[PDB]
Amino acid sequence: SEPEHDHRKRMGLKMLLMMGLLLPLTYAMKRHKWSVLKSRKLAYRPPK
Amino acid sequence: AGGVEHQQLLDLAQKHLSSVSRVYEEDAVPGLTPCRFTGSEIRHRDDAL
């Protein structure tokens, strides 16, 4: 029924290792380019 | 700067500006320290200008 079964599981193992490498790095890029904004402070200067 | 004799100005500085302070009075030299540069942005927003 599934002649591709072992090749599918090998490609899935490569997929799992590559995704476990790639997800924290892309998340780190997002955290960098958004950490320019997430540390931002706002002030208000009403003249009274 | 200008039409002034250097020896005349030295005589004047010896006469007047002798003994200005010369003494730290606590042996405490105020020394300058290198300052950290910060890549940063400041945005003062007033749209009425």
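This write-up is about the structure you can find in this document. (Residues numbered from 1 in each chain as written, not as in the entry; some residues may be left out. Chains lettered and ligands numbered in written order. Part of a larger assembly, values for the part shown. Heavy atoms only, no water.)

## Regarding the overall build of chain B
How we decide: A run of DSSP states H or I qualifies as a helix once it reaches four residues; a run of E qualifies as a strand once it reaches two. Both are numbered from the N-terminal end. Here's how the labels work: a residue is buried when its accessible area is under 20% of the maximum for its type, exposed when over 50%, partly exposed in between, all with a 1.4 Å probe on protein chains only. The Shrake-Rupley method, run with a 1.4 Å probe, gives the accessible areas here. Residue values count only the displayed protein chains as cover.
When you go through chain B residue by residue, the secondary structure sums to one helix and zero strands. In terms of overall dimensions, chain B has a C-alpha envelope of 60 × 40 × 20 Å along the principal axes. A burial count over chain B gives 0% of its 49 residues as buried. Accessible area for chain B stands at about 5800 Å²; split by element, carbon and sulfur atoms hold 53% of it.

## Digging into unusual backbone geometry
Residues and elements named next belong to chain B. One non-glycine residue, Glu25, lies in positive phi territory at about 65°. Structurally, the position occupied by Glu25 is in the segment after α1 (6-15). Although it is not a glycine, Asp27 sits at a positive phi angle of roughly 55°. For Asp27, the position within the fold is in the segment after α1.

## A closer look at a nonpolar patch on the surface
Rule in force here: Any residue with relative accessible area above 30% and no salt bridge may belong to a patch, with like charges joined within 9 Å and the nonpolar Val, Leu, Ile, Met, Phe, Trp and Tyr side chains within 5 Å. By definition, a salt bridge exists where a carboxyl oxygen of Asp or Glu is found within 4 Å of a side-chain nitrogen of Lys or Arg.
Where nonpolar side chains cluster on the molecular surface, the patch consists of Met15, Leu16, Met18, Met19, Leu21, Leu22, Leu23 and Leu25 of chain A and spans about 810 Å² of accessible area. Relative to the assigned elements, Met15 of chain A resides in helix α1 (residues 5-38).

## Overview of the pattern of salt bridges
Residues and elements named next belong to chain B. All told, the structure shown has two salt bridges over all chains when counted by the stated rule. Among the salt bridges present, the one from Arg43 reaches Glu41, with a minimum N-O distance of 2.4 Å. Exposure class is identical for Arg43 and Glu41. Each is exposed. Note that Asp47 and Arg45 form a salt bridge whose closest N and O atoms lie 2.7 Å from each other.

Spatial relationships are all this shows, so hold off on functional conclusions.
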